[PDB]
Each structure stands twice: as C-alpha cells, then as structure tokens.
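Undergrad: experimental structure below, sequence on top.
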Amino acid sequence: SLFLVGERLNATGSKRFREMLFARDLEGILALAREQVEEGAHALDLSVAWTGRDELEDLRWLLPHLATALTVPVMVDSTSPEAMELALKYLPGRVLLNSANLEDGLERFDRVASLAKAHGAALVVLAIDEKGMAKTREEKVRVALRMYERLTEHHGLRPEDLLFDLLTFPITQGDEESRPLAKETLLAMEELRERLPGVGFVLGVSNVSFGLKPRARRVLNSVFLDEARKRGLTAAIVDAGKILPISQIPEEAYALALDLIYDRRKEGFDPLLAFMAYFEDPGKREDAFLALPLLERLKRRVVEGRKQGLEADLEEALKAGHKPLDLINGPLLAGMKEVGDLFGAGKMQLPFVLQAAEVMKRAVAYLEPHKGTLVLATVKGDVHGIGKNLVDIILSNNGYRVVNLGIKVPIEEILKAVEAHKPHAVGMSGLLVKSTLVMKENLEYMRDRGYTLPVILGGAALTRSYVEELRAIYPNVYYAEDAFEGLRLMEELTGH
Ligand code: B12
Ligand SMILES: [Cl-]
Ligand SMILES: [Zn+2]
C-alpha cells in the first residue's frame, strides 16, 4: 500500500468536521480522526480555514490536543505560512506542510521551504508557478525541475522529504479543455520518477471525479489512484472510506474508467458519457425519443443533449408556421430552464448540462441568423478558472456576452474593462478562503470610486451570511451558489 492521507478533517471540504469545529467538539473531531486511521489512513490532512473565521484561533485551540492524542502525523493544509509556523510549534513529531507553490513568487515558496527544513517536516510542492497552473506534461516537468533544484540546493532539503503534487483536475465536466488533464499528470509522473529518483509524489485523487454521483466517483477515484501508483505515486490525499480495491470493480466499469482517464475518444464514443451511462434499457429508450411530438421533442433535445440530427427537427417546426422567437422562448427555453431546475435540485450532472447549452448554441445558430454583458474575472491570487469558465459557457450559449478576464485579475484591471464594455454586471469568482477577503477589499474600492453596478460573487466559499455583511460595504452584491443562479440573476438585472 501507499501512504494514505485522510481528507475529512477539512472545514471547507467536510460538512461533519465543519460543524464540529464550529461547536468546539474536541471528542467528535478525535473520533473522525481515529475513524479515518481505522479505515487505512497513515496521516491526516488538517484544514480549518473557513470564511469569516480566524484560522489561527481555531488552530491555537485544536493543535495541542491533537499532538498528545494522535497516532499518525498531521499534514497542515494552509495557504497561510503563519498558520504553518504556529502548527510546527504546537505539534512535535513528524509533520507535512501542504502547499509551497510559486503562484506568488519566491517569497512564500522560500518561506514555507525554510520552515520545512528547520522543523524537519516533509513538503508538498504544487506545480503552480508565476505563469499559472502546470496543465500539460511539458509544463509539469518544467515547473517541477525548477522547484527541485531550488529546494534541494538553496534550502538543502532532501529529495525524500519532498512530495510533488503535479495537480489533479476534474475530467468529469464536458469541456474539451479538461479531457486530457488526468493523462497529462500521469505521463508527467512517470517522467519525473525517472528524472527525479528519490522524491515522493502525492495527488488529490478525489478531484479527478468531482461533479459525479458518489457511485461513479468511488470507481473513478479508485482506478485513477491505481494508475497513479503504477507511475510513481507514493502518497495520496483520499477519503480512506471511499476507495474500492480494483478487484471489486466490474471489468466493464473498469475499462470505461480507463477510457475516460486516458481520453480514449473515437467516432461515436465519448468516454465520459459512456462512464456515466453505467451507474444509470439500451435499444428501448432510443425509439421512445423519436416517438415524441415535436413540441416536447425539441424540449428533450435541450434536456438530453441530442445534437444528432437536430437541424432536421428544427425545419419541421418552421414548416408548421411557428416563428423562430416562439421556438427560442417556448420549447428550447423550457428545456434549458428544466436543465437549470434539474441541476439546481441536484439531479442532473454537468456534462449533460453542457450538451444542453451546446444544443441551444446550435438551435439559435439555425433560427436567428440567415442581450447584455458581464465582465467576469477570478480575483487576485486565485487560479481557480474552471467554475468561471462554466459560467462563461452557460451565459455565452444563452445569448449573454461575457468578457472573460482570465485569472489573478486585480480590481484595477476589472474596472478598466467595466469602463470599456459598460456591462450590465461584474462577476468575480474565487474558491479559496483568502479570495473572499479580496472580494471584500474590491467592493470597498468600488464603493470609494462611487460605483453602483451589480456585482455577483460566485466563489464557492461564500456563506450568504458574510454576503449580507458585504452589503454594508457595497449595496448591490449578489451570491450565486451555482452557475445557474448566475443566468437567473442576469435575467433579473436586464429585464428578461
Ligand atoms: C480541482 C481543484 C483544484 C485544481 C484547480 C482546478 C481549477 N479550478 O482550476 C488544483 C489542484 C490546481 C487546485 C489548487 C488548489 N486548491 Co483546489 N480545489 C479543486 C476542487 C477539488 C474542485 C474545483 C472545481 O473545478 N470545482 C468545479 C467547479 C465547476 O465548481 P466551482 O468552481 O466551485 O464553481 C461553481 C460555483 O461556485 C459557481 N461559481 C464559481 N465562481 C463563480 C463566479 C460567478 C460570477 C458565478 C455566477 C458563479 C461562480 O459556479 C460553478 C458551477 O456551479 C475544489 C473542491 C471544491 N469546490 O470544494 C478544491 C478547493 C477549492 N481547493 C482548495 C485549495 C486550498 C487549494 C490549494 C492551495 C492547494 C491545497 N493546499 O489544497 C491550491 C490553490 C492555488 C492558488 N493559490 O490559487 C480548497 C479551498 C479552501 C481553502 N481555503 O483552503 C478546496 C475547497 C479544497 C479543500 N481544501 O477543501 N485545486
Ligand atoms: Cl512551460
Ligand atoms: Zn531562504
């Protein structure tokens, strides 16, 4: 076996741990810890970061009790090195620091590495640098080799004390950008095992499968964990519970998982859709679709995501004298809204949602030719691009114009693009906890400059309560818990 690291002592991540931390329930925490150890964990990932709380106070209370009471080492998961500094003092024995990246240059990287060197801790090294996330095999190797040279020579850390996180992206939303990102980590890990013998590799294996039903997640995580092990993986941040042995995985579900991990596309074979097909017949439902009356058949094109002969159905409508506005605002919008309903309820998964959007892209393409504007950015010091990109796709394919500023965007650059495009709203994403502070700060500035424009903050880490606290600063803020609340809020603020 591998050095498993337990993922449930996470305030943002785990709902149980969140509550227990907030209620100061030491014995409950310690139970969840021992539970994970029992399920196979060799160490534990502590993250007590959460919106509107002092991480350092929570740590000052919990760390002393854990030190006397835990069998396994702790992995300190904090963006703040101050937290890291504190923890190394309140937790003797073996330690692992989680992160050490070059996202914001050599200051925080060298800070964390010299901490690790001083207090004999292991280091996780994420492949994020000054130009962003290492998404390809070439990028991962380039960044990794730089960090290795730097930790081993400048900081004098031993290779054995370093765990490279070459980054686990979800491959379980439709987007063609994400298709090969699991493969690219895998092929990089193999390359770096050869180039850098001595070094650990760690992955947040659960990420590969984010935005899937727990049945399909367990499987995909397990298969991916295994492929990783065979390419150099030494450690893994997982739910010790939600991991099957490869033995307990049917040969079909196995082969499909592999097709998705390695992006094994062919004419008429979508890995992701096929893997989802399992876990939710074959010849029978096909015929049922063709039987539908066109009013509901055009609505089911949007809902099921059938762009296979969609141009043919869209003529039969216009041959009944139905106006192209009537088809867009009636059946095709009814379908889209229902995908919004289904996703907001938590029934539909993302890939079908994106094919829904792509059908409304191809439907407007045939009907209209022969709505408003949103300036969207991810805030300073946050590289989480995927959530915003989803919002881009949804609004784009429902008629809104989206100005996508990319990531790490400072308020000055946003307002520069507000002044140029005069949008109906500003969208700011950010999934990290410190990003919520950057949003507070930005609103303070926009209040200073005398703006009254709607600002939608869609970063996950956003208690509606804090958003109410932010209304004291800037009155026209909105929280979008999901990308669809985005589309609803753009409809309300333009009059649709
Ligand atoms: C895969 C992933 C990554 C990938 C990046 C993928 C990406 N987004 O580019 C990698 C591995 C590189 C990464 C890095 C890190 N991660 Co990360 N990541 C994740 C993960 C597992 C999923 C992200 C994802 O793609 N979600 C899928 C999308 C589709 O959902 P979403 O972005 O939340 O967006 C939805 C809504 O919020 C909304 N939305 C979001 N923004 C906006 C904006 C607008 C305007 C609107 C309308 C809507 C909207 O719409 C989307 C659809 O509903 C999350 C887990 C999670 N979300 O709980 C952790 C998570 C966000 N990561 C986190 C952390 C800390 C890190 C790291 C420091 C590493 C570490 N030590 O854990 C670095 C951050 C680097 C930096 N300084 O920026 C934490 C943040 C909490 C914290 N404060 O500590 C999380 C919660 C994990 C945890 N510890 O519980 N991560
Ligand atoms: Cl590069
Ligand atoms: Zn130094």
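TA: That came in fine, so what should we check first? Numbers count the residues shown, from 1 in each chain. Ligands and ions are numbered 1, 2, ... in the order given.

Undergrad: neighbouring strands - and their directions - for the strand or helix carrying residue 96?
TA: Using DSSP states H and E, residue 96 falls within strand 95-98. Strand pairing for strand 95-98, using DSSP bridges, gives strand 74-77 (parallel), strand 122-126 (parallel).

Undergrad: return the longest one as CSV; C-alpha atoms alone will do.
TA: Meaning strand 122-126. What follows is strand 122-126, C-alpha atoms only, in CSV (Å, rounded to 0.1, in the frame of the first residue of the first chain):
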residue,chain,number,x,y,z
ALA,A,122,8.0,16.9,4.7
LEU,A,123,6.9,19.3,2.0
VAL,A,124,4.2,19.1,-0.6
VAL,A,125,5.2,21.1,-3.7
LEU,A,126,2.3,22.1,-6.0
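
Undergrad: quick one: contacts of whichever helix or strand comes after it?
TA: As assigned by DSSP H and E, the chain's next helix or strand after strand 122-126 is strand 128-129. Contact partners of strand 128-129, identified using Cβ atoms under 8 Å, 6 or more residues apart in numbering, comprise 101, 102, 103, 134, 143, 146, 167, 383. Placement of C-beta: from N, CA and C, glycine included.

Undergrad: enumerate the residues of this protein near ligand 3.
TA: Residues of the chain lying near ligand 3 by Cβ under 5 Å from the ion: 110, 114.

Undergrad: buried sites along the top helix by length along the chain?
TA: Among the segments of the chain that qualify as a helix by DSSP state H, the longest is helix 350-367. By neighbour count with 16 or more other Cβ atoms under 10 Å, helix 350-367 contains the buried residues 350-360, 362-364, 367.

Undergrad: does residue 265 touch residue 271 like I think?
TA: Yes: at 6.5 Å, residue 265 counts as touching residue 271 under the criterion of Cβ atoms under 8 Å.

Undergrad: looking at the two, which one has more neighbours?
TA: residue 271 (20 against 15; other Cβ atoms under 10 Å).

Undergrad: so the more buried one touches residue 277, yeah?
TA: No: in this structure, residue 271 is not within contact of residue 277 by Cβ under 8 Å, at 10.4 Å.

Undergrad: re earlier: ok, so of the buried residues of helix 350-367, who is nearest residue 219?
TA: residue 351 (16.1 Å; Cβ to Cβ).

Undergrad: name the nearest residue to the closest one, sequence neighbours excluded.
TA: Of all residues not flanking residue 351 in the chain, residue 174 sits nearest, at 4.2 Å (Cβ to Cβ, 6 or more residues apart in numbering).

Undergrad: give me the neighbour count for the one you found.
TA: Look at residue 174: counted by other Cβ under 10 Å, it has 23 neighbours.

Undergrad: tell me if stretch 132-146 is near ligand 1.
TA: Yes: using Cβ under 6 Å from any ligand atom, stretch 132-146 reaches ligand 1 at residue 133.

Undergrad: same deal with stretch 191-203?
TA: No: applying Cβ under 6 Å from any ligand atom, one finds stretch 191-203 separated from ligand 1 by no less than 8.8 Å.

Undergrad: measure that stretch end to end?
TA: Length of stretch 191-203, first residue to last, Cα to Cα, to the nearest Å: 16 Å.

Undergrad: report the buried residues of that stretch.
TA: 191, 192, 193, 196, 199, 200, 201, 202, 203.

Undergrad: tell me what the strand or helix carrying residue 492 is packed against?
TA: Taking DSSP H and E as the criterion, the element that holds residue 492 is helix 483-494. Judged by 3 or more Cβ pairs under 8 Å, 6 or more residues apart in numbering; DSSP states H and E, the packing partners of helix 483-494 are helix 331-345, helix 386-396, strand 425-429.
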